[PDB]
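Report on the following structure.
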Amino acid sequence: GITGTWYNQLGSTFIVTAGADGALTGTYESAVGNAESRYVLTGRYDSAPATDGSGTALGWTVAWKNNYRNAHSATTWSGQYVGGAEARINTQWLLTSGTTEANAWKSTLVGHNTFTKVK
Amino acid sequence: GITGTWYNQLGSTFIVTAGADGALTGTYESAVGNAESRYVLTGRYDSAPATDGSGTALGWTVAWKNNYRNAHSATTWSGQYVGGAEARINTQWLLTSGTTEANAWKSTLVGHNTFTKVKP
Amino acid sequence: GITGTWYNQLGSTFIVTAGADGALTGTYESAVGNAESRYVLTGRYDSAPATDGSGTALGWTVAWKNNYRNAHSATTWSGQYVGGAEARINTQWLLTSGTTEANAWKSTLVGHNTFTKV
Amino acid sequence: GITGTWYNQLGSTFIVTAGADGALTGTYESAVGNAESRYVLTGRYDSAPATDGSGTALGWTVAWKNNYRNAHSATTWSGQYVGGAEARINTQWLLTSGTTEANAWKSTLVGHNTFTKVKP
Ligand SMILES: O=C(O)CCCC[C@@H]1SC[C@@H]2NC(=O)N[C@@H]21
Ligand SMILES: O=C(O)CCCC[C@@H]1SC[C@@H]2NC(=O)N[C@@H]21
Ligand SMILES: O=C(O)CCCC[C@@H]1SC[C@@H]2NC(=O)N[C@@H]21
Ligand SMILES: O=C(O)CCCC[C@@H]1SC[C@@H]2NC(=O)N[C@@H]21
């Protein structure tokens with residue numbers, strides 16, 4: 001159920017393939033921030049989740065460097081996939097920018113993104 | 001650089017290879033939690049960082065399933081590599097467990113881990 | 001404004017008074033977790049926000065001890081009040097439980113709550 | 001144990017009084033950021049912590065407005081006090097700035113601060 005195209009509330013698009021062994025691979029296009037076009041993502045998911053209706057744990061990373069630009073930053077999303085009629089990937093994220101040691105205290109933004117199969 | 005064997009303040013072991021086009025691959029062994037032995041990790045790093053003294057942004061994920069056990073959880077680490085005499089990787093992390101909808105509010109732990117190449 | 005009775009997506013009830021000195025005071029009742037009835041809260045907000053359409057920054061704390069129960073934990077909410085026609089308070093929160101030193105790595109939960117007066 | 005002056009790794013100073021009723025009141029001076037001089041803080045703590053000597057849960061808020069400046073922002077710290085010879089308050093924090101709705105996704109910084117009774 002994870003493989004495919006997902007949309008979040010910001011207008012971003014997350015295109016992922018879930019491998020049999022726990023691999024996530026794909027591309028991410030952000031509607032906001034210091035970003036243009038698609039970026040490589042990689043991550044992992046629980047490939048033998050519980051079957052009690054609980055979600056499937058997963059996470060992925062994007063480093064915000066592609067052929068077009070480099071924001072000198074990286075985001076990780078941690079969350080879970082919930083299937084069914086209203087399928088969702090519910091996440092929290094951490095965006096770290098490369099900083100000097102003196103500015104390290106303000107290096108990391110936190111937020112939440114909910115991904116759905118329709119936008 | 002980033003490639004090597006790293007240890008955090010909990011005694012966990014992070015073995016990573018940084019590929020030329022931005023890939024991180026390796027293994028993670030946690031000294032704590034519902035975990036034993038090594039788990040696969042993948043991630044990304046900025047393969048052309050700024051040259052002004054800024055760190056190198058990176059992140060990686062571990063899903064806590066291996067041949068021995070499955071915690072039905074995953075952790076991401078977001079942070080930066082800081083080079084120099086004593087290299088460091090400074091991170092914050094999010095650990096999400098699979099939950100029911102009613103328990104989703106308590107799905108995710110947050111913390112910080114600093115990694116160095118110094119064995120416990 | 002901020003003063004009033006607010007509810008989040010979990011069904012918790014946040015009753016707050018915003019003082020002109022930047023103080024928040026009131027009570028919190030959680031619909032979830034190791035909690036019953038009302039808990040005291042205190043916090044702060046920006047009492048002279050920007051006039052350019054930006055939200056009003058705020059935060060508050062609840063320690064989960066009252067006359068009935070003690071969870072040995074505390075939550076902080078950090079966020080902003082958005083005054084539109086349908087006012088909201090959008091937050092992220094940290095819940096720290098008291099732990100031993102060896103379990104401190106797993107002391108703190110993170111999440112998000114959005115509050116409305118509906 | 002909590003009442004007094006505390007220092008973090010950034011060089012900031014936290015002066016707090018812990019009331020019998022669970023109240024934290026005091027002032028905070030940040031060494032970094034859009035801040036000068038002292039700011040009011042208020043918070044809460046567990047006035048009856050566990051008998052097994054676990055830490056004492058607590059939190060507090062600073063809105064970054066005083067008589068000298070207004071950053072249009074607020075920080076909350078959530079953590080625990082640990083007593084004894086090397087007493088500490090170990091925290092994670094969230095700093096939210098007032099933003100437009102369009103910029104709300106980048107409103108909130110996260111970090112960690114460890115407070116000690118002696119300045120590092
Ligand atoms: O500005 C940057 O440094 C790079 C772009 C970051 C976009 C962030 S990642 C978290 C959030 N979710 C999104 O879809 N976009 C923003
Ligand atoms: O308990 C689990 O669900 C799996 C093991 C989690 C271990 C965590 S990941 C964040 C922190 N840093 C570590 O090295 N170990 C813990
Ligand atoms: O379980 C505990 O330790 C005490 C109750 C915590 C309830 C949490 S606070 C964050 C979230 N928002 C709510 O309204 N309730 C939960
Ligand atoms: O820049 C601002 O908006 C106001 C000052 C924020 C300073 C932050 S609060 C978290 C961290 N810990 C500190 O002692 N200082 C920084």
Side-chain angles (χ1 to χ4, degrees), chain A residues 7-14 28-36 39 57 62-65 69-77 91 93-98 109-113 115, chain B residues 7-14 28-36 39 57 62-65 69-77 91 93-97 105-106 109-113 115, chain C residues 7-14 28-36 39 62-65 69-77 91 93-98 105-106 109-113 115, chain D residues 57 105-106:
Chain A
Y7 304 100
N8 67 22
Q9 68 264 57
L10 299 174
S12 302
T13 305
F14 166 47
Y28 200 98
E29 183 165 2
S30 184
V32 303
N34 189 358
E36 90 175 272
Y39 295 82
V62 172
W64 299 104
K65 174 182 183 300
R69 66 162 81 173
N70 192 356
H72 303 309
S73 66
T75 305
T76 67
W77 293 254
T91 73
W93 58 258
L94 296 170
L95 183 166
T96 304
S97 297
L109 288 165
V110 60
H112 51 98
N113 278 166
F115 297 88
Chain B
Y7 306 93
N8 70 19
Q9 65 267 52
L10 306 172
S12 299
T13 306
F14 170 43
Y28 204 98
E29 184 173 353
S30 181
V32 301
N34 189 8
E36 71 185 273
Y39 296 80
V62 172
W64 297 103
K65 176 186 179 288
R69 75 166 78 180
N70 189 355
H72 305 303
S73 63
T75 303
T76 66
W77 289 257
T91 75
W93 59 258
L94 297 168
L95 189 163
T96 302
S97 295
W105 70 272
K106 56 173 170 172
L109 291 163
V110 57
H112 51 97
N113 281 168
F115 297 85
Chain C
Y7 307 93
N8 70 19
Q9 66 264 54
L10 304 171
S12 305
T13 307
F14 169 40
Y28 203 98
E29 184 169 354
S30 184
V32 301
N34 188 10
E36 72 185 275
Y39 295 84
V62 170
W64 299 104
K65 174 183 184 292
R69 190 177 294 214
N70 191 355
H72 306 302
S73 65
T75 304
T76 68
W77 293 257
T91 74
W93 58 254
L94 301 165
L95 180 295
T96 302
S97 297
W105 67 276
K106 60 173 169 173
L109 295 162
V110 62
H112 52 94
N113 282 166
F115 296 89
Chain D
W105 70 274
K106 57 174 177 176

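One-based numbering, in listed order, for ligands and for the atoms of each. We name chains A, B, ... by the order of the sequence lines, and we start the count at 1 in each one.
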Q) Between C/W64 and C/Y39, how do the two ring planes meet: parallel, tilted or perpendicular, split at 30° and 60°? A) perpendicular

Q) Which word best sums up how the rings of B/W105 and C/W93 line up, parallel for under 30°, tilted for 30 to 60°, or perpendicular for over 60°? A) tilted

Q) Can you name the nearest heavy-atom pair linking B/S73 to B/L95, along with the distance? A) CB-CD2, 4.0 Å

Q) Out of A/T91, A/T13, A/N113, which one pairs with A/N8 under the side-chain hydrogen bond (donor to acceptor under 3.5 Å, both in side chains) rule? A) A/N113

Q) Looking at residues at least two apart in the chain, or sitting in another chain, which of them share a ring pair (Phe, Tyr, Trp, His ring centres under 6.0 Å) with C/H112? A) A/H112

Q: Please list, by chain and number, the protein residues whose heavy atoms come under 4.0 Å of ligand 2.
A: B/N8, B/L10, B/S12, B/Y28, B/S30, B/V32, B/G33, B/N34, B/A35, B/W64, B/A71, B/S73, B/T75, B/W77, B/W93, B/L95, B/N113, C/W105

**Q.** Distance-minimising heavy-atom pair for C/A35 and C/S30
**A.** CB-CB, 4.0 Å

